[PDB]
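Q: Take the sequence shown: its letter number 66 is residue 66 in the authors' numbering, and every next letter is one higher.
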Amino acid sequence: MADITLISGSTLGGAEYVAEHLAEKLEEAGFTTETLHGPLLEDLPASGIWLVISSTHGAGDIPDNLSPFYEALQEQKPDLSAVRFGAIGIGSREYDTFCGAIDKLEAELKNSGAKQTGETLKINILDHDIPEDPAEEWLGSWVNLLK
């Protein structure tokens, strides 16, 4: 069983790498985890502390792995007023769209009544594979709020 189910979302695998890396740090922090590839709303209960991670294909298109979640949310707009979530966008950051794919997924969670925790992370993958600002630092700020 997990207590922070991550919601991995890439076609390339970049979000799967970041999700696995984050999940390891969470396990060392003492919290149980899972790395659900592209789950749907009908496979997530209305209460929990989730962590949505999405590639951005350069144009704001969410990867087809996870993009149906945006549609499943807005089509049903259930009460989700006890979901907490985190949000990460990943992509080649020199593109015109700019870790913006994640915004749609978080917005419909927010609209359904959920709320974010921490702040939204950006992860450039064009040139480096993140250089210098670990997701580990951001995760520290997160566990400090979700406790």
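Just so you know, even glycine gets a beta-carbon here, dropped at the ideal spot from N, CA and C.
Check this for me: beta carbons of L26 and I49, under 7 Å apart or not?
A: For the 7 Å CB-CB criterion, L26 and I49 do not form a contact.
Q: If you run the structure through DSSP and keep just helix, strand and coil, what is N144?
A: It is helical.
Q: Quick check on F69: does DSSP put it in helix, strand or coil?
A: helix
Q: Roughly how many angstroms separate the alpha carbons of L36 and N65, rounded to a whole number?
A: 11 Å
Q: For the alpha helix (DSSP H) holding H21, just list the boundary residues, first then last.
A: 14 to 29
Q: Are there 16 or more other CB atoms within 10 angstroms of the CB of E119, so buried, or fewer, so exposed?
A: exposed
Q: Rounded to whole angstroms, what is the Cα-Cα separation between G58 and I125?
A: 11 Å
Q: As an exercise, report each continuous beta strand (DSSP E) stretch of at least 3 residues that is fully enclosed by the segment 59 to 122, in chain order.
A: 82 to 91
Q: Judging by CA-CA distance, which residue of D61, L105, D96, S112 is the nearest neighbour of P78?
A: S112
Q: Taking the continuous beta strand (DSSP E) assigned at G48, which residues delimit it?
A: 47 to 55
Q: In its own chain, which residues sit with a C-beta less than 6 Å from the C-beta of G60, not counting the 5 before and 5 after it?
A: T97, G100, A101
Q: Cα-Cα, which of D127, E137, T11 is closest to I53?
A: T11
Q: Compare the beta carbon distance of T117 and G89 with 7 Å and say whether it is the shorter of the two.
A: no
Q: Go to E34, then tell me how far its beta strand (DSSP E) extends in each direction, as first and last residue.
A: 33 to 37
Q: Look up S8 in the DSSP assignment and give the residues it is bridged to.
A: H37
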